[PDB]
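Have a look at the structure below, then the notes.
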Amino acid sequence: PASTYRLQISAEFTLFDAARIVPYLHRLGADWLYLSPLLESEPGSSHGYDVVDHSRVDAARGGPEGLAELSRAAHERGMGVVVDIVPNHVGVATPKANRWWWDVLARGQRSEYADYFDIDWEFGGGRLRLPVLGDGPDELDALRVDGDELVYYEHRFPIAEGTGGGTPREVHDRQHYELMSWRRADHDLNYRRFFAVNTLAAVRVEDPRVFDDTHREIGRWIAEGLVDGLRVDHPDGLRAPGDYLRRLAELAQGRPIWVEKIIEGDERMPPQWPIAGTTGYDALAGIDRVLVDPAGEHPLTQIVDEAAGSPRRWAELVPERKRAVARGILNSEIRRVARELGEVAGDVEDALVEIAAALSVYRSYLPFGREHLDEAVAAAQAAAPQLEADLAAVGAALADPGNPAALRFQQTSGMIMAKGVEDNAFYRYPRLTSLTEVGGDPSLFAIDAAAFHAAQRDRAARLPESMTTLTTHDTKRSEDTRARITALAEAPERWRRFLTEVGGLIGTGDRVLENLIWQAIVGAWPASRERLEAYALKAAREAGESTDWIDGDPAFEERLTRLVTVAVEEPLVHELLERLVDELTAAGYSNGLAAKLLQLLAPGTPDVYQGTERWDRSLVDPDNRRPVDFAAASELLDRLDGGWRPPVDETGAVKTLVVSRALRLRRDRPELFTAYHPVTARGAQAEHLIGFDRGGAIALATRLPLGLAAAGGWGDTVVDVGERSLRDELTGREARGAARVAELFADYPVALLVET
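Going by full-length UniProt numbering, the sequence shown opens with residue 2, and the numbers climb by one from there.
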């Protein structure tokens, strides 16, 4: 496809709602609709990742009639449909809604659905441990019997037949499940789950019988022409992801499959995987880093280091926090891998924790990626020479794809990275929070244009059909929030001044977390107190230093709450914040347009998140999933198509112009996109021009806008565009030969030149 447009389908935006805005999306220039999980989820699911019935399209989202209508709307217009599917796990929040889970609770290992899940029965003493009770003592006195069901407040579980009668507790101890305290899920859990989410139980989709049942309706979409490609959720949690994608490719009849897979650096995926590529986060990392002024690296780091009283080094942070979740909320996983290894050596768990800590990829794919495991083991032996013998024997076992533990470890190192680095270490390394993003190396402050172009060339060579992306439903900060934040690398000293001035007014005791919060407030501004308060509490808990998700500090959280309230409502704090936002507003606009244009014409299939044809200043889940005003966007676009040329302003109109013109061009004139050639400028400010030629379409953008303005503008800087004559889709302005960037960017900080 020429592009994918991502839609959050739910009961508030159904498949019928989506089909009604298909014509606006075609107008905007989208090629394929990228929908979220559509199999029946938990009653009230606003994402659909908690599947409870793989046999039908979710009724709340429109059921099969809805899918059929959306597909027909898209296909009658030449458009395509790619659907997010969730192969690894199912929702168990409401058991009475997961017929498979219910039967396993009701009949234990005698359930026909028992080997659909990944259960250590012997660790549980023949029982499935459900971490549903509260931590207070005497919890089970709330256990009531209600017919053929055990009840614990609003939770209901089946009574195995022939086990009724007596105290509610006497019936509970006869059941194939054991209700336990939620805090016991850190260490004593005996079923495989997704991340540290107990309400997401993994299914053994490597079993052909399980694959057939979980993918039958998905297979119907393919067979009957409803769906044109698939996006696989979390393949890294699968036991045999290679085998899965092979089987999915034949289910999808050779149609394009994209995988959500985080890549680290120059790491490569197994080439035999029959996929189009990833959902885009490798591309996000480079687009953002070409807009970071590299000279801010040491100033902005010292702002964090002085606050922490001790250098925050990413090389310590990552191992430390991976170690911590391996020993904490993800310990049931570590302990289970240790049980399957047997008494290989002495301290097997500490050997595992050290290998997962040092592992520099999310997982191996053995025999592929053995290098990564080998280097982890060696690095663990240097960080912990006390276990040199143990690590060697444990690493030796972990290298044999015939050992079930080697395979389970690969299912676990996926989650130690995400929960330790993305959802923790990120929130402790805020020297520039736009670089703490899904798929990025925050240690890598910036990349020069030469490095940017190399990254584009590599994707054209090995991943030409792969997605690129700037916002997803899982990003920590949405694309224009990061665009403004990134300008702080140009003005580190201004930022120090701001933190100081506003921190002499209100604080929490965690000056490191306050750097992160003010960055999000500044980047998202203007934003409601409700949204900023929610973000602040979530960021503070993810960071885990001054409060936590398990055992919070209410006094601290209320200091954080009154920080954001003072930022919105108090006259002097608010003025200081408004003044800094104004100073950055043009820079962030220019950075946001630069990112959007570069991504949409770069090699690959650009993904456009719902509503990001206007400014998206959202924060983390769920702020990046707010309702999207497609009506407003269409009205905006109709003004643009009616010949209005907007200023760079807060309506987003100039972004809608850039997005719509680049999407259409790529969709409707694809003969223009045949190669990739850097376009470099000439003169006093040539460093500020970043761009490339794709064939007959040239993307031209600005980097480091604050320093450009400080230097007096483009001056007499020129771009060589060829002996050819080009025209800018955004303005109609013509350019030939050595064009002055002052003329090219006379109206906007970007231009999209087309051969004539």
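Just so it is clear, CB atoms sit at the ideal spot from N, CA and C, and this is done for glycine as well.
Check your understanding: Along the chain, which unbroken stretches of the beta strand (DSSP E) at least 3 residues long are found entirely within the stretch 52-111?
Key -> 52-58, 81-86, 90-92
Review point. Helix, strand or coil for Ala603 per DSSP?
Key: coil
Practice item. Can you check DSSP and say which residues form a bridge with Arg737? Key: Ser726
Point to revise | Buried versus exposed, by CB contacts within 10 Å (16 or more), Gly255 | key: exposed
Check your understanding: Considering only residues of the same chain and omitting the five flanking positions on each side of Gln110, which have a CB-CB separation below 7 Å?
Key -> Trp122
Exercise for review: Determine the direct distance from the alpha carbon of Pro65 to that of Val574, and round the result to whole angstroms.
Suggested key: 52 Å
**Study point:** Beta-bridge pairing of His678 - partner residues as DSSP gives them
**Key:** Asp694
Practice item. Let me know the secondary structure DSSP gives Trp33 once reduced to three states. Key: strand
Point to revise | CA-to-CA distance, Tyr282 to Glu179, given in whole angstroms | key: 40 Å
Practice item. With DSSP collapsed to three states, give me the class of residue 1. Key: Only positions 2 to 757 of the chain appear in this structure, which leaves residue 1 out of reach.
Check your understanding: Where are the alpha helix (DSSP H) runs, 4 residues long or more, that stay fully inside the stretch 259-328, in chain order?
Key -> 282-290, 298-309, 315-328
Check your understanding: So is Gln387 buried or exposed if we call it buried at 16+ other beta carbons inside 10 Å?
Key -> exposed
**Study point:** Selected residue, minimal CA-CA separation from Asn625, among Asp442, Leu436, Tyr536
**Key:** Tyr536
**Study point:** Between the CA atoms of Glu13 and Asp229 - distance to the nearest angstrom
**Key:** 25 Å
Review point. Beta carbon of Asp289, beta carbon of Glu491: below 8 Å?
Key: no
Practice item. Could you tell me if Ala406 is buried or exposed, where buried requires 16 or more neighbouring beta carbons within 10 angstroms of its beta carbon? Key: buried
Point to revise | Contacting residues, own chain, Cβ-Cβ under 6 Å from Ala20 (five flanking each side not counted) | key: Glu70, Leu71, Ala74
Exercise for review: Evaluate contact between the stretch 328-338 and the stretch 462-475, counting only Cβ atoms and requiring at least three cross-stretch pairs below 8 Å.
Suggested key: no
Review point. Hey, how far is the Cα of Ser11 from the Cα of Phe17?
Key: 10 Å
Check your understanding: Taking the C-alpha atoms as reference points, what is the distance between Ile223 and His216?
Key -> 11 Å
Point to revise | Runs of alpha helix (DSSP H) lying entirely within the stretch 527-582, each at least 4 residues, in chain order | key: 530-544, 555-570
Point to revise | Rounded separation between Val680 and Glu735 - CA only | key: 17 Å
Practice item. State the CB to CB distance for the pair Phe124 and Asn199, rounded to an integer number of angstroms; the pair is presumed to be in contact (CB under 8 Å). Key: That pair is no contact at about 16 Å.
**Study point:** Sequence-distant residues of the same chain with beta carbon closer than 6 Å to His454, five excluded per side
**Key:** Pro679
Check your understanding: Roughly how many angstroms lie between the CA atoms of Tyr610 and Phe746, to the nearest whole one?
Key -> 26 Å
Check your understanding: Which one of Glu584, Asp149, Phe369, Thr279 has the shortest CA to CA distance from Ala241?
Key -> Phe369
Practice item. Give the secondary structure of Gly504 by DSSP, where H, G and I count as helix, E and B as strand, and everything else as coil. Key: helix
Point to revise | Residues of its chain near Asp136, where Cβ-Cβ distance is below 6 Å and the 5 sequence neighbours each way are ignored | key: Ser182, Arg184
Check your understanding: Secondary structure at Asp375, three-state DSSP: helix, strand or coil?
Key -> helix
Check your understanding: Just checking, does the stretch 393-408 make contact with the stretch 296-305 on the three C-beta pairs under 8 Å criterion?
Key -> no
Practice item. Taking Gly714 as the reference, give the member of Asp694, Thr732, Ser46, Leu690 with the closest Cα. Key: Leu690
Review point. Going by beta carbon distance, what residues of the same chain come within less than 8 Å of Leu8, once the five residues before and after it are set aside?
Key: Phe14, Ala19, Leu34, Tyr35, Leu36, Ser37, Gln611
Review point. By DSSP, does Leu134 sit in helix, in strand, or in coil?
Key: strand
Review point. Three or more beta-carbon pairs under 8 Å between the stretch 513-522 and the stretch 649-657, yes or no?
Key: no
Practice item. Excluding the 5 residues preceding and the 5 following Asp481 in the sequence, name in chain order all residues of the same chain whose CB lies nearer than 6 Å to its CB. Key: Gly593, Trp616, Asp617, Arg618
Exercise for review: Please indicate yes or no: does the CB of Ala380 lie closer than 7 Å to some heavy atom of the ligand NAP?
Suggested key: For the structure depicted, the ligand NAP is absent and the ligand set is empty, with no information on it obtainable.
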